[PDB]
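Read the single chain below, which is given as structure tokens and is the form deposited in one PDB entry.
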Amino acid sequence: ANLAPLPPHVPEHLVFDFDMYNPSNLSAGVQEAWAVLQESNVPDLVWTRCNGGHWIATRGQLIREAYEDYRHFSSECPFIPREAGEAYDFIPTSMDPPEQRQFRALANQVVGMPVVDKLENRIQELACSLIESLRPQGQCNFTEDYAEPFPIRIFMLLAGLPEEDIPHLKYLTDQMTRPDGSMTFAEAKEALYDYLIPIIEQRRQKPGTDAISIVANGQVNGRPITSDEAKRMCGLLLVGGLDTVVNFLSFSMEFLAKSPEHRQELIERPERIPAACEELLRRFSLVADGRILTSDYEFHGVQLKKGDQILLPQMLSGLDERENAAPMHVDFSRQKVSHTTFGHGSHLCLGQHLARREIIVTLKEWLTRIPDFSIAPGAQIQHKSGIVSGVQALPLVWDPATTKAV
């Protein structure tokens, strides 16, 4: 079963053995599988003995509160189990303010709204190229053919890196979250650093207007950013916008493929696309990381112990029936779409603006060229669960005669 012995300070009545890496009824959909944590018989805050043992906040109120309170809930160990969150070094994911603030401001210079607005049409040009290449085929595995190539190519654009480096960079990042065995996490991480360091050092001396140049020439605490800090920052800027976007776009397209009326709504009402993007972000939320207790702390009537890890599923806030009525229903016209899909608090996703642009551009450009599409006949879509939950594959089909080259 792989259950760790219940710590003495944890009450038995709060035990609920949820496995974030293999939840029951995953076949019903990953968001639905996690939603079991919100059924009436489950407390607001529970302890699971799976994956080493850890707390799980199941309601939006608690999830938000914990993310706001970095003093008690530290990012030093954000992953479960502990012997993975202690190893990882990317900046500034494992830092708490004030330390985190300096690096966060610098990162915002490369992915902030001003930059996203400026690269807006370049992202569109990339989406159109990928979609046009698939259009005549009448079929594709959305995840492999569009979802994966899109974000990585956008990173190359952002970081001013050559297209020829994509296959290798993609492989290195793939090994960090989906290893085939050729490389350990440390080896993949170091391989990434071996690639980034030379570029960082060269652009420190002869800078451009790209993301790496900006980070390399950044300042931290009155002095210049070190090579170690720069590579760790660039590393997160790379990995942060890959799996999240790949899987999110896949969840969204899976829904649209199965929902003809929703596709038509966006075709007839293009102005609703941004709102649709927000509603999809709520319904198909997919991240679930955590924090570690800095000291003994009583939280909502529960005794938390220093060193205890707590999973705070960003995914769950928007699915909470206390926040949004009929949470499993996708309604593009909701007046108030509440969610913490991009996180909450000091670590709120720095790439949130880039992500929304990628989503909106994908939706508009795909529906413009391929308005009518469906899940391939006989195909059964499978999901996966973890820190970033997702879709294994998404075989889509369409009649080329119903499409149009634009």
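Take the two forms, superpose them, and find the largest set of C-alpha atoms that agree within 1.5 Å; that set is the rigid core. A residue's number is simply how far along the shown sequence it sits, counting from 1.
Only in words, not in the display: the form deposited in another entry, which the text now covers.
Asks: Can you tell me which of these residues, 321, 187, 76, 296, is the one whose C-alpha shifts by at least 2 angstroms between this form and the one not shown after a rigid core fit?
Replies: Everything else stays below 2 Å; the exception is 187.
Asks: Determine whether the C-alpha of residue 144 shifts by 2 Å or more between this form and the one not shown once the rigid core is superposed.
Replies: No: residue 144 shifts by under 2 Å between this form and the one not shown.
Asks: C-alpha of residue 331: shift of 2 angstroms or more between this form and the one not shown, rigid core aligned?
Replies: No, the C-alpha position differs by under 2 Å between this form and the one not shown.
Asks: If you line up the core, does residue 203 shift 2 angstroms or more at its C-alpha between this form and the one not shown?
Replies: Comparing the forms between this form and the one not shown, which are aligned on their rigid core, residue 203 does shift its C-alpha by 2 Å or more.
Asks: Once you compare with this form, do the C-alpha atoms of residue 86 and residue 317 lie closer or farther in that other deposited form, given a change of 3 Å or more?
Replies: So the answer is farther.
Asks: Having a change of 3 Å or more in the C-alpha distance between residue 176 and residue 385, I'd like to know whether it is closer or farther in that other deposited form than in the form here.
Replies: Between the C-alphas of residue 385 and residue 176, the gap narrows in that other deposited form (3 Å or more compared with this form).
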